[PDB]
Amino acid sequence: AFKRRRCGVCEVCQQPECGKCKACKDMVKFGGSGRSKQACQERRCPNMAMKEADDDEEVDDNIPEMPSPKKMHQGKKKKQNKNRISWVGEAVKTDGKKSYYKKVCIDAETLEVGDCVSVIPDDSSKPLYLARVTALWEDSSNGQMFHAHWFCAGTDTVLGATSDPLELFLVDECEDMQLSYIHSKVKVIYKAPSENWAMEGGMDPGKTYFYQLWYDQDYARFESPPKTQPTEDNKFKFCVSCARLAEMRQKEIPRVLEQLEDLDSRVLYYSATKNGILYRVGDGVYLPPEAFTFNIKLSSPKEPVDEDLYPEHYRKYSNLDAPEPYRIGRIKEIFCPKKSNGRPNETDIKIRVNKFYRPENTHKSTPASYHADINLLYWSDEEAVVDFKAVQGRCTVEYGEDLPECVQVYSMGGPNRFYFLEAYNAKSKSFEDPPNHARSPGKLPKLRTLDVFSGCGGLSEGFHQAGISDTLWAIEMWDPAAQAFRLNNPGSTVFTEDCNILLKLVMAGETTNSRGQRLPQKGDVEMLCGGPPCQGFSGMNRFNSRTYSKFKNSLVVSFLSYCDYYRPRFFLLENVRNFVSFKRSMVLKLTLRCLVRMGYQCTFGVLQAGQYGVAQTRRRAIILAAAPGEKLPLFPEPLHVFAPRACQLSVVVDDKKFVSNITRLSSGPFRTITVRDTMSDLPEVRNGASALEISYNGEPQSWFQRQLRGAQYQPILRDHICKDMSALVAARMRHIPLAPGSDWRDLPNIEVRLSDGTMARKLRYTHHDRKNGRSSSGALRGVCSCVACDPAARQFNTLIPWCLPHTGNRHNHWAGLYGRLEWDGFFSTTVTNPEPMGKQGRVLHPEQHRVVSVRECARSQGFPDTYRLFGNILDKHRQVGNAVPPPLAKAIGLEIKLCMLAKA
DNA sequence: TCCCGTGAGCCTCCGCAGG
DNA sequence: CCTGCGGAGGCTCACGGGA
Ligand SMILES: Nc1ncnc2c1ncn2[C@@H]1O[C@H](CSCC[C@H](N)C(=O)O)[C@@H](O)[C@H]1O
Ligand SMILES: [Zn+2]
Ligand SMILES: [Zn+2]
Ligand SMILES: [Zn+2]
Ligand SMILES: [Zn+2]
């Protein structure tokens, strides 16, 4: 029951209601009857589509300033008075200066190791705490203590209020209190997952406290309880918590292994380890840009305009911020200082490293990275010593010649892999040949995936590249997209119909649909994924009975229902960023409480498509879920550096800042992707040009290009066609400076004959702006008599859009609109339909006088050129606009492969 | 003195019978 | 096809806290 709507950008919608045709004249404000209820024949919006498009550039991501949670379960727990406290039985085991026991009595009551006690806080605002006593002992001086493994109330979790009052979660919080702090012996049951879980589908939207999942306070993750087993030297005082905290602390501290020699109070080792990684002499190493500085002199970096000619120019009041990639080096030596008398020394391990040169590092500077491979380096004779605890990872860098295979193949077969072919010298600024002493010493079953809301097959394409899934069933209502999907996934039958329809069938028990296709049944689906269009409630205000009801019938819950009658191993819900805040973050909390209700393992976070191989600002929300018998996937780690501005990854819900398992929040392995690298090899084409297929007048001129270009023997450049802008729009565009950052605000206020012979007049500021004043030439700056609106003050067919300055004063000067993309910059959140005056409309080709084309938009996304599309020009744009950056999906799918291989 | 923000109500048509 | 109708979004305008 959803109807589309007209867009408010394109010219067709701007043009005034003439009053010469049937409909337009029949209006009520024209004396007519109005019993027709229509719009002017000259207002028929072409870019017309459903307003399902949410994430309308909001400032909810800003104001990040906020401390970390981890309440510590508060402090100062009220103390209770006890009459009698006697032990029971013989001390289970009394080693050093303690004597543990089996049970205990507190005023006649019996507490046994394993029982869940309760404690009262110090503030009557925070509910009573619970914990599972892991031990009981008698210290030689402290007295009678006990170790309480804390229990996190459901009303203290992301679920907050939507959490089942009786549900508790395991938390790595625990202290050693004094028995007298106990209040009661509350019983807590463990609602473990049914043996035959994956079959409990159909269901509708407790009697005592129970726990079933472990909760991570800072990452908002819901994983299965640790299967950690005790030993014989602690079986009486075992604490899952401490064990985890102990192992985690052991993984942090960097240690060393084998040694080689002792010299100058500094032993030379051969191997060392950190956070689980094995660093050997000869391996690669990542390092912060503050590590060292190449001896190459670190590359060191108009009059007023005719006030009257360029009026709105004053409005310009308010990847340059992009950090530097990681530093790469070869580990030549590994050692540690020593205080005369002793030989070894931890906490101070050093590393001898051979500095590597990225093209954008040599004298040739940044422009060298235009044709270079994002993983190409240069060997040099420089070296530098860095504090081991500073490395940021492990990498692989080999000689490009000793590679026992094709270089293009070597890089694609590994994660962090680099390669060099020549040596560089800073002093002589020359490119010598790498010394000889520099050369090296010389699958699982695909998941049956079901992708509803498949679209043109964006997210699906990513997994098929990561070799993790196998889309066999795709649900797409929009015929265009559906058809396209089939063109890319011939091995899967596409159900081109409504989602609510199919689930209403299989649930009612059925084998096929009208067309006659095999429907997915219980167990057939291993993985579920898709992007549910959030339409019926793109709000941000508190939920209400009216809208809430409109939610319980949305396409988000329907996706959840599919996740219910299929209980797949892995469930993924991608969507716009603001999904984590819609309706006061409620929609998010509900879809989580919904997954947790199904006893699912789930988490959530935000990713910046750019950081994964895309010259585009596209933050999106991600909801990951895993079956009770699997491992909850981690979030992809940024592969490319990106402007800190479009990386407000953090998310806050009810005064609680939540983040992700991502470490690299600044630097990264590979350099950022630019518009140049994205679309520089594309031929010059004119506005409107609708040539479906054409050739590449020029070989690849960028890494990101040699990739997407494909390896097909057919040089077919498909869909390099762009929209046909109005003759007037073509004028506005041609009058936009190629100067990086130019937009409507820099348009000439003059008259010009269009390709229609018809001439567009100038703009008249017949009013004053009490917030802008006059021009440098005392000229007026007000467009409308409201600066009430005087409909007669409206002006049409003008170079500088009448509307812009009109509303300009309250929408940040529409900075960007009708702007051109700068080569060094990056596309703004790609959309489903490019329009100069569209919210996110800085879409004017860097140099050419037109709007980005479909193929260029394909490039903005991760879509290769081999990928096919379907439908008319506008139909295509929307497919690409909705789709998910394959490079994001891939990198997001690999974090899942590490879970399938986890098995257990 | 400005800002949202939260509706209630007028305004502007899109699908759709239904002819 | 209209030809006109039911009825959904959104766009505008009258307040009510909150700095
Ligand atoms: N419930 C539903 N059933 C079938 N198709 C739907 C649908 N809801 C929306 N669609 C269609 O699917 C399109 C969005 S598809 C979004 C796909 C996502 N970006 C991805 O590839 O990961 C819309 O144009 C809409 O017409
Ligand atoms: Zn329009
Ligand atoms: Zn008309
Ligand atoms: Zn403990
Ligand atoms: Zn006005």
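Reading the first sequence from the start, the letters are residues 647 to 851, 860 to 955, 961 to 977, 984 to 1107, 1135 to 1479, 1484 to 1600 in PDB author numbering.
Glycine is no exception: its CB is placed at the ideal position from the N, C-alpha and C atoms.
Margin query: Run the Cβ filter for me: residues under 5 Å from any heavy atom of ligand 4, listed in the order they occur in the chain.
Written below: 820, 893, 895, 896
Margin query: With DSSP as the reference, identify every bridge partner of residue 926, one or two as the case may be.
Written below: Along the first sequence, read from residue 1 onward, the residue named residue 926 stands at position 272. Answer is 910, 933.
Next item on the list: Confirm, please, whether the CB-CB distance from residue 945 to residue 992 is below 8 Å.
Entry: Locating residue 992 in the first sequence gives position 327, where the first residue counts as 1. Locating residue 945 in the first sequence gives position 291, where the first residue counts as 1. Yes.
Check: Measuring CA to CA, which of 1288, 1301, 1539 is closest to residue 851?
Finding: Position 205 of the first sequence holds residue 851. Nearest of 1288, 1301, 1539 to residue 851, Cα basis: 1288.
Note to self: I need the straight-line Cα distance from residue 1365 to residue 1399, nearest angstrom please.
What the structure shows: Within the first sequence, residue 1365 is the residue found at index 673, counting from 1. Within the first sequence, residue 1399 is the residue found at index 707, counting from 1. Spanning the two alpha carbons is a distance of roughly 13 Å.
Check: Does the distance from the C-beta atom of residue 1569 to that of residue 1442 stay below 8 Å?
Finding: Taking the first sequence and counting its residues from 1, one reaches residue 1569 at position 873. Taking the first sequence and counting its residues from 1, one reaches residue 1442 at position 750. In this structure, residue 1442 does not lie closer than 8 Å to residue 1569 by Cβ.
Check: Rounded to a whole number of angstroms, what is the C-alpha to C-alpha distance between residue 1396 and residue 897?
Finding: In the first sequence, counting from the first residue as 1, residue 1396 sits at position 704. In the first sequence, counting from the first residue as 1, residue 897 sits at position 243. If I take the Cα positions, the gap works out to 46 Å.
Notebook entry, point to check: With a CB to CB cut of under 7 Å and the five nearest residues on each side skipped, what residues in its chain are close to residue 662?
Noted result: Translated into positions along the first sequence, residue 662 becomes position 16. So the list reads 1492, once near-sequence residues are dropped.
Margin query: Under 7 Å: does the beta carbon of residue 655 sit that close to some heavy atom of ligand 2?
Written below: Taking the first residue of the first sequence as position 1, residue 655 is located at position 9. Flag set: Cβ of residue 655 near ligand 2.
Notebook entry, point to check: Per DSSP, residue 793 forms a beta bridge with which residues?
Noted result: In the first sequence, residue 793 corresponds to position 147, counting from 1. Paired residue(s): 781, 822.
Notebook entry, point to check: Cβ-heavy atom distance between residue 693 and ligand 2 below 7 Å?
Noted result: Taking the first residue of the first sequence as position 1, residue 693 is located at position 47. Checking every heavy atom of ligand 2 against the Cβ of residue 693, one is found closer than 7 Å.
Check: With 16 as the cutoff for other CB atoms within 10 Å, does residue 684 come out buried or exposed?
Finding: The residue you call residue 684 lines up with position 38 of the first sequence. Burial call: exposed.
Next item on the list: Select from 1445, 1341, 1411, 1595 the residue whose C-alpha is nearest the C-alpha of residue 708.
Entry: Taking the first sequence and counting its residues from 1, the one referred to as residue 708 is at position 62. Nearest in C-alpha terms to residue 708, of all of 1445, 1341, 1411, 1595, is 1341.
Check: Just to confirm, does residue 1502 get its C-beta within under 7 Å of one of the non-hydrogen atoms of ligand 5?
Finding: On the first sequence, position 806 is the one that residue 1502 refers to. Indeed, a heavy atom of ligand 5 lies less than 7 Å from the Cβ.
Check: In chain order, what residues of the same chain have a beta carbon less than 7 Å from the beta carbon of residue 1586, not counting five sequence neighbours either side?
Finding: Start at 1 with the first residue of the first sequence, and residue 1586 comes out as number 890. Excluding positions up to five away in sequence, the list reads 1154, 1157, 1158.
Note to self: Going by DSSP in three states, residue 1271 sits in which element: helix, strand or coil?
What the structure shows: On the first sequence, position 579 is the one that residue 1271 refers to. Helix.
Notebook entry, point to check: Three or more beta-carbon pairs under 8 Å between the stretch 664–674 and the stretch 685–703, yes or no?
Noted result: yes
Check: If you run the structure through DSSP and keep just helix, strand and coil, what is residue 1578?
Finding: As a position in the first sequence, residue 1578 is number 882, starting the count at 1. Of the three classes helix, strand and coil, the one that applies to residue 1578 here is helix, per DSSP.
Item checked: Boundaries of the alpha helix (DSSP H) in which residue 1501 is found, first to last residue -> Taking the first sequence and counting its residues from 1, one reaches residue 1501 at position 805. Per DSSP, residue 1501 belongs to the alpha helix (DSSP H) from 1499–1504.
Checklist line | Alpha-carbon spacing of residue 658 relative to residue 1323, whole angstroms | finding: Position 12 of the first sequence, counted from the first residue, corresponds to residue 658. Position 631 of the first sequence, counted from the first residue, corresponds to residue 1323. Computed Cα separation, rounded: 53 Å.
Margin query: Less than 8 Å between the beta carbons of residue 1211 and residue 1197, yes or no?
Written below: Residue 1211 sits at position 519 when you count from the first residue of the first sequence. Residue 1197 sits at position 505 when you count from the first residue of the first sequence. In contact: residue 1211 and residue 1197 (Cβ atoms closer than 8 Å).
Next item on the list: Look at the alpha carbon of residue 1369 and the alpha carbon of residue 676, and state the distance between them as a whole number of angstroms.
Entry: One-based indexing of the first sequence puts residue 1369 at position 677. One-based indexing of the first sequence puts residue 676 at position 30. Cα to Cα, residue 1369 sits roughly 55 Å from residue 676.
Notebook entry, point to check: Would you say residue 801 and residue 807 are within 8 Å of each other, going by their C-beta atoms?
Noted result: Locating residue 801 in the first sequence gives position 155, counting from the first residue. Locating residue 807 in the first sequence gives position 161, counting from the first residue. Contact flag set, yes.
Checklist line | residue 747 vs residue 734 beta-carbon contact at 8 Å | finding: By one-based count along the first sequence, residue 747 stands at place 101. By one-based count along the first sequence, residue 734 stands at place 88. Yes, the pair counts as a contact, with Cβ atoms nearer than the cut-off.
Item checked: Delimiting residues of the alpha helix (DSSP H) encompassing residue 1243 -> Here residue 1243 refers to the residue found at position 551 when the first sequence is read from its first residue. Start and end: 1237–1243.
Checklist line | Among 1349, 669, 1310, nearest to residue 871 - alpha-carbon criterion | finding: Position 217 of the first sequence, counted from the start, is the residue given in the question as residue 871. Here the closest residue by C-alpha is 1349.
Item checked: Residues that DSSP places opposite residue 1262 in a beta bridge -> For this step, residue 1262 is matched to residue 570 along the first sequence. Note: residue 1262 sits in a beta bridge opposite 1219, 1318.
Checklist line | Three-state class that DSSP yields for residue 1451 in the structure shown | finding: For the purposes of this step, residue 1451 is taken as residue 759 along the first sequence, with counting starting at 1. Residue 1451 carries a strand assignment under DSSP once its states are collapsed to helix, strand and coil.
Next item on the list: For residue 904, count neighbouring C-beta atoms within 10 Å of its own C-beta (all shown protein chains included) and say buried if the count is 16 or more, exposed if not.
Entry: Within the first sequence, residue 904 is the residue found at index 250, counting from 1. The residue is exposed, with fewer than 16 neighbouring Cβ atoms inside 10 Å.
Next item on the list: Let me know if residue 1294 comes out buried or exposed under the rule of 16 or more other beta-carbons within 10 Å of its beta-carbon.
Entry: Walking along the first sequence from the start, residue 1294 turns up at place 602. By the beta-carbon neighbour count (other beta carbons within 10 angstroms, threshold 16), residue 1294 is buried.
Next item on the list: Kindly provide the chain-ordered list of residues whose Cβ lies closer than 7 Å to any non-hydrogen atom of ligand 3.
Entry: The set of residues with CB atoms less than 7 Å from any heavy atom of ligand 3 reads, in chain order, 663, 664, 665, 666, 667, 669, 670, 671, 686, 687, 688.
Note to self: Taking 6 Å as the limit between beta carbons, can you name the residues of its chain near residue 1142, skipping five residues before and five after?
What the structure shows: By 1-based counting over the first sequence, the position of residue 1142 is 450. 1165, 1212, 1217, 1220, listed in sequence order.
Next item on the list: Report yes if the C-beta of residue 1485 is less than 7 Å from at least one heavy atom of ligand 5; otherwise report no.
Entry: Indexing the first sequence from 1 puts residue 1485 at position 789. Yes, Cβ of residue 1485 sits closer than 7 Å to a heavy atom of ligand 5.
Notebook entry, point to check: Three or more C-beta pairs closer than 8 Å, one from the stretch 1423–1438 and one from the stretch 1536–1545: is that the case here?
Noted result: Judged by Cβ distances under 8 Å, the stretch 1423–1438 makes contact with the stretch 1536–1545, as three or more pairs qualify.
Next item on the list: Confirm, please, whether the CB-CB distance from residue 1013 to residue 1024 is below 8 Å.
Entry: By one-based count along the first sequence, residue 1024 stands at place 359. By one-based count along the first sequence, residue 1013 stands at place 348. Not closer than 8 Å, so no.
Notebook entry, point to check: Is residue 939 near residue 779, with beta carbons less than 8 Å apart?
Noted result: In the first sequence, residue 939 corresponds to position 285, counting from 1. In the first sequence, residue 779 corresponds to position 133, counting from 1. Contact: no.
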